[PDB]
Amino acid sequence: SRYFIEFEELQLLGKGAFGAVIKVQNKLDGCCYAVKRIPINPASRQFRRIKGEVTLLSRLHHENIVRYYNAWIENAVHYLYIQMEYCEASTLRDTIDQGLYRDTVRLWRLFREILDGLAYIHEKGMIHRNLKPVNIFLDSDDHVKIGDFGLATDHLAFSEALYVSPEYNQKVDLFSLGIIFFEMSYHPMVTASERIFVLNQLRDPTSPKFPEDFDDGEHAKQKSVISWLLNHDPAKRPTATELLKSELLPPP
């Protein structure tokens, strides 16, 4: 009703667990937005947790977080709509798959912005827990916007499987970022078999094992950073701030 009156639909962006993300245009302001539509059971524990994650994520304000506009409910069927910024340059996934790894200046900047975003999220006492390239978006100016926290997951620090830590502390996101930065640093992995094996070989308990064509004079710094992020022991991963301040990262 409000969704159909105020917006025009343009494009399916995604399908999650129980919901869709639709690219829409607002009739009044003429701007494109991404709207997530979640069918919801009102008065269920699932719902009341979702409403909590909405109150919590609505309070995030950072240049590297997808910008939040609006949340509302519509009516023997119920929908939750969440209106966010539409990011014109799609996902980090598309950018990795399109040969990001050959642009060392660019991928070092994008890595830094992801860190900016994680540092802010961690400073606010929150954890993403679902960090992966399809959940990092790129705006028209090629800046990182993190989103898709997941409304059914607790993001309060104090309370697909290839990005998940052996384990819930702040340090789960930084393990994930170690997998992500390897994919940013390495050639697009055409096949599923290559993807799963190469990444399972990083996540190997007995120290991260890199492919034969990464053990190079070229990818020395990148190797250090990832090895640090991918430590089995969470207490031995750096904080986003600790890494940001490190002189492993090239100049901004």
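Numbers follow the displayed sequence, beginning with 1.
In this entry, residue 75 is separated from residue 76 by 10 or more residues of the deposited sequence that have no coordinates.
According to the PDB entry, the deposited sequence contains 4 to 9 residues between residue 167 and residue 168 that lack coordinates. Stretches 212-220 and 59-67 differ in mean CA B factor, with 212-220 having the higher one.
For the pair 40-48 and 24-32, the mean B factor over Cα atoms is greater in 40-48. The PDB entry assigns its highest CA temperature factor, among 137, 181, 120, 158, to 158. Each of 102, 143, 128, 93 has a CA temperature factor in the record; the biggest one is found at 102. The PDB entry assigns residue 235 a C-alpha temperature factor belonging to the highest third of its chain's modelled residues.
Annotation for residue 54: CA B-factor lies in the lowest third of the chain's modelled residues.
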